[PDB]
Amino acid sequence: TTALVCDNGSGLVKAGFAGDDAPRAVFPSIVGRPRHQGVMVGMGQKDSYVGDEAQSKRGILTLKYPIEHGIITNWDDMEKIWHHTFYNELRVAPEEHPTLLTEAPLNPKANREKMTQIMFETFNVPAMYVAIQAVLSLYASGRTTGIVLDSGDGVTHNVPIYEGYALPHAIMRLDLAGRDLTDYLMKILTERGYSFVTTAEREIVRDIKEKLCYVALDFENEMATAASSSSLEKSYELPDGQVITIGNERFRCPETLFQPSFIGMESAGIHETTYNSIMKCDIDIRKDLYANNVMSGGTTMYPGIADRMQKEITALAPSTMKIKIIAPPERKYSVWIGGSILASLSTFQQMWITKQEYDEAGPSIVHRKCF
Amino acid sequence: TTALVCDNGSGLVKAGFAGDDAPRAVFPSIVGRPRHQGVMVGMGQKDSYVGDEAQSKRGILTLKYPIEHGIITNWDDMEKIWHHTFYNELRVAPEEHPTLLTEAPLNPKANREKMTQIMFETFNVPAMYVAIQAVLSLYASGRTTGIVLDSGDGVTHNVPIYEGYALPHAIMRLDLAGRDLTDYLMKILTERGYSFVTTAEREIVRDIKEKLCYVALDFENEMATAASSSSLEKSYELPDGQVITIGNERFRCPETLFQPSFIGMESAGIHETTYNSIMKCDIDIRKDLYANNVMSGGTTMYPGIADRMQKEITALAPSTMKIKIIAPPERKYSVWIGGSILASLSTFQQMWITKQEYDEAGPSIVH
Amino acid sequence: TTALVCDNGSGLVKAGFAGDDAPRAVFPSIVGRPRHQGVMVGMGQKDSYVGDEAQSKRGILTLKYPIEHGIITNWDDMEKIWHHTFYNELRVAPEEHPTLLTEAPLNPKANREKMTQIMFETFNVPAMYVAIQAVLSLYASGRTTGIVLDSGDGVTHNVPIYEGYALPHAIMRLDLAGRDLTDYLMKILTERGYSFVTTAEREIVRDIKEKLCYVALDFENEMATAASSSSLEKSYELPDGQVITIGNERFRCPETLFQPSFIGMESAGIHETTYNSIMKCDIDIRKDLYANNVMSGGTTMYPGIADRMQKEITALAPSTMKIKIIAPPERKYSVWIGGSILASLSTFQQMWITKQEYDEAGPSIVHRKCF
Ligand SMILES: Nc1ncnc2c1ncn2[C@@H]1O[C@H](COP(=O)(O)OP(=O)(O)O)[C@@H](O)[C@H]1O
Ligand SMILES: Nc1ncnc2c1ncn2[C@@H]1O[C@H](COP(=O)(O)OP(=O)(O)O)[C@@H](O)[C@H]1O
Ligand SMILES: Nc1ncnc2c1ncn2[C@@H]1O[C@H](COP(=O)(O)OP(=O)(O)O)[C@@H](O)[C@H]1O
Ligand SMILES: [Mg+2]
Ligand SMILES: [Mg+2]
Ligand SMILES: [Mg+2]
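Residues and elements named next belong to chain A. Among the structural elements, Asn276 can be located in helix α9 (residues 270–279). Taking relative accessible area as the criterion, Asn276 reaches 36% and is therefore assigned partly exposed. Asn276 sits 21 residues away from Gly297 along the chain, and the two C-alpha atoms are 21 Å apart.

Below is the structure:
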């Protein structure tokens, strides 16, 4: 009847119906199991917790992430998360609505093939389609020309599009994302005597990073200010009542996006990646790409990131070139909004991979481009 | 037919049937024998007395305790006490009702193995189970999350439980308990000229401690008040008519719980032990543990103990943390009530260690 | 004149002069005070005992450890231990010899800053340097390439080095060490009816663990053998004449190193940690790291630990990979030997942080990388 849009990013599930203005079920992509000693199921105890269930009881659970760097690694956990999303979060029968899914570019084919097999055999979904997140972000922005930088928990990628035409040769992908930033913050916090080693402690540190971290305009001058002044100090209260104080870490943690060498990787910065992606396109396209820079995803929600990137790109680009950074207040749900818009389109109704098409063509039909 | 619940704490036996609201037989765990000269059994004299029998005739008997620090040391006395409980206190045949027993954590395995062997060979009990006292106390409280401090005659232990899941790494055990407090009171009473050296005198001093001792909110200020004023004096009448007067001893005797160094032990206080047990759990659990502090046992019946411990834990805990101490008026029988509740549950009927299971698996099935 | 090398591990002090073949003063890092009732110092009684002084009189003392998990917590005790080491163990004036110190990686900066402040103000040491223990262990081994696992009383850490270049991103640290093993043995011994609750009893249990514990090649089969046979029983005599018998505890106590869940921690085993550290390095380095596995420290002195770890790593590693475990007979003093070798080098004489450098640059000079 009504198509379902479900964005399966790493660490967060956003699902809803096509035509809606926002996803109606948002919860972490985690599975938790008891860790102290064996659970004896002859009586009233459970062994698995999904989403907010694991978050509420994380003090006695070990938390899983089924998706690593945009690749699903634990498929039983994926099936259980899908079942929970389908029967409790949305409490709707899958067999009567087509489902639209999202994936990162340059992923292995086996991931898409397994997703389609599960979506057609375990659940008898009438039809499905897997799209690229950057295209949906551009759809949500309402533009047809621009280069989109999407950064989440596992993957940061750049996709330039010019007036409805993609540029597959200039698509770049980076493995640095929010999870690596959380790990770096956990490592750095040991300098002040704060130790976080468990998965629940990792969730606490992720909350701290979301709440207190920000992007500095100039890193060295900001570091000098933090070394000579204490105006940058912030306080945070732990769940058990302890209070910790954080200083230059607040802007040191997100600095890894522009300086990947902080965690030992040889890659370039996100601004450098965007400039290299733009330079790989034809010379008659670069001006429009400079004029339309779009970010989306949770990792782009740091305060001051847009100004910093505009400064960096202006430094890289020629002086006569005109540049903005487009950072809407709802960058978090841009992929889902674009997916809903696309699923609501009449021209997309021919793109669905139905039951008989998959049954006859086989698994190879996933990489088809109908358009 | 109906399961039997029997809490074998040190110095007190509480037994009854599952589903009942209170134990129906409560008596001291003591065995007494004549002490003056040899009992010649050719005619009408007895040599052993159990429970209230020894208490009534303690003036001509030497009293035993078969259980020391939660460990059974004299097994023949244990068998005789079990036989008396089974045939005179409850006057019921053991071979037709399953029996639920209790034990302190971190006990030797041989104790449980010997208990099971006696409960299966000497008495042909159809099935049995040995549980932890703190879990039964939490069952009686009706909660699934909390940390329980149980203090009796021999053992004080802490067991934190979060929503039906135990935390074995944070279980702490202390050997300071009511018997040590009685010994300390007996030692301290010599300052005023009162001498108690026999077992019956020890029982008298235990009665005095139960009747007159209390926990002070602030020890030094209370001591200053007792030194400068006589409003804290109390009078007690001995069985032979002598009257004794006791002063600061009334709050000095239970102070050993918070200050173990009074009797020469290196351990920390009960509040310090509880705080250390809470700090050993995961950070996402500590708030609920702070909100649910439960005491049970006879040694927690001193007036003012709950306020003192709440003050101490509030001093130890952060200011934003919310704390109560849960001290029901019937903390004495919490373990037995929880055992009865558990034995009445339908999900517990699969937990019984039956005749053939023990006969085949062997002694290792107890754990 | 001659540089001093002092390895301040938890629970043991090893000090000596550079160029020597072994440390000349080895004693526990403990401070003892009387515990029964107040010491009245108007006449001939003492209140503090250091090292073997506390060990000989531990029956009337409560013993301190100033260092917890490689972090100094009681600084007055640290000053007294340093003074004893400097004036009675070595009976040498500090103000004429430079001192080389050791520290665990990923420690708080305040620890090093306080150590330097005490070493420069309380004692007027001409110069000092703080090194990493794993680097000194590799120096003692004589190699330039390899991954070192150092386990002591408080900290177990892994540091991979390839031909003189460190890999800071692959350094891992674990808090499980010998003290936790002693606590676990004390807890487990209650099953047989043996109770140890005081600090002196803890020292006795530590001696028992050092004397009778060993690492089993296969845990379950060894447990079955111990359950079905009594050939694994051992006898130990207490100081007061009591004799105790210990069975499967002898290999259950050190099993916590490979199974941290025995004490309720979520961490992986030491073999798993080493494999994860190796896998984090570049693919062209892993073969040499597999070929050079070095242990050092007291906690690596259990019999059969090297064979067990080689078996585990061979199980984890591919079949074509070549692996040894390097376990010299003197793993206990490897850090001190490497420190002496480094202090004897001519290229290290430029690394000393002298009086005026610290007076001018300030406390921030401790983390400098001169090299
Ligand atoms: N306000 C914020 N500040 C910093 N980081 C954020 C913020 N909100 C979300 N994040 C980070 O974004 C990451 C991923 O979120 P998102 O990209 O929206 O979903 P997904 O990656 O699952 O598609 C999270 O790991 C989170 O740490
Ligand atoms: N009102 C009271 N005040 C102080 N102490 C008490 C009181 N009632 C009981 N006790 C002490 O509690 C101790 C043990 O009682 P309890 O814990 O109920 O049984 P058990 O230890 O046998 O399981 C006794 O030694 C007694 O001295
Ligand atoms: N032969 C041995 N067997 C088992 N453990 C040992 C042995 N020798 C020393 N240890 C343990 O090693 C721990 C720390 O020793 P070490 O690492 O040499 O010094 P430090 O940790 O002070 O630098 C001690 O707690 C001790 O229990
Ligand atoms: Mg996303
Ligand atoms: Mg009791
Ligand atoms: Mg060491």
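Now that the structure has been shown, the text picks up again.
Now for the interface of chain A and chain B. In this assembly, 25 residues from chain A lie in contact with 20 residues from chain B. Between chain A and chain B lies a buried interface of about 1800 Å² when both sides are counted; carbon and sulfur atoms form 56% of it. Broken down residue by residue, the surface that chain A buries against chain B is led by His36(A), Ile60(A) and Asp240(A), which jointly contribute 30%. Along the contact surface separating chain A from chain B lie four salt bridges.

Taken together, the nine residues of chain C in the interface contact ten residues of chain A. Where chain C packs against chain A, one counts two residue pairs in polar contact. Within the side of chain C that touches chain A, the residues separate by chemical class into four nonpolar, three polar and two charged.

Before going further, it helps to spend a moment on the packing of helix α5 (residues 178–188) of chain C against helix α6 (residues 199–212) of chain C. What describes two packed helices is the angle between their axes and the distance between those same axes. All names here are of chain C. Where α5 contacts α6, the two axes come as close as 9 Å, and the packing angle between them is 100 degrees. Relative to α6, α5 is oriented roughly perpendicular. In contact with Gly178, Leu181, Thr182, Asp183, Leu185 and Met186 of α5, α6 contributes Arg202, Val205, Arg206 and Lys209. Per-class residue counts for the contact of α5 with α6 are four nonpolar, two polar and four charged.

Further remarks concern the sheet that holds strand β5 (residues 49–50) of chain C. All names here are of chain C. The sheet built from three strands is open, its strands ordered β5-β4-β6 with antiparallel pairing. Edge strands, defined here as strands with exactly one partner in the open sheet, are β5 and β6 (61–64). Summarising the sheet, strand β4 (residues 31–34) and β6 pair through four bridges and their orientation is antiparallel. Looking across to β6, one finds that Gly32 is bridged to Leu63. In this fold helix α2 (residues 75–89) packs onto β4, β5 and β6, with an angle of close to 110 degrees to the strand it touches most, β4.

Residue and element names in this part refer to chain A. Among the 16 residues in the neighbourhood of ligand 1, the closest are listed as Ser10, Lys14, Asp153, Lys209 and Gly298. Interatomic distance of 3.4 Å between a side-chain N/O atom of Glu210 and an oxygen atom of ligand 1. Here an oxygen atom of ligand 1 sits 3.0 Å away from a polar atom, N or O, in the main chain of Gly298. Alone, ligand 1 offers 570 Å² of accessible surface; in the complex the protein occludes 86% of this. Every element with two or more residues in the shell around ligand 1 is listed here: β2 (12–17) and α6 (199–212).

Here is what the cut-offs are and how they apply
Residues numbered from 1 in each chain as written, not as in the entry; some residues may be left out. Chains lettered and ligands numbered in written order. Heavy atoms only, no water. Helix = DSSP H or I, 4+ residues; strand = E, 2+ residues; numbered from the N terminus. Buried < 20%, exposed > 50% of the residue type's maximum accessible area, 1.4 Å probe, protein only. Contact = heavy atoms within 4.5 Å. Buried area = accessible area lost by both parts, 1.4 Å probe. Salt bridge = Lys/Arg side-chain N within 4 Å of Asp/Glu carboxyl O. Polar contact = N/O pair within 3.5 Å; in protein donor to acceptor, adjacent residues only side chain to side chain. Nonpolar A, V, L, I, M, F, W, Y, C, P; charged D, E, K, R; others polar. Axes fitted to C-alpha atoms, helices over the stretch in contact; angles between N-to-C directions. Parallel < 35°, antiparallel > 145°, perpendicular 65-115°, else oblique. Pairing = 2+ DSSP bridges. Near = heavy atom within 4 Å. Areas by Shrake-Rupley, 256 points an atom, 1.4 Å probe, with all protein chains shown as cover.

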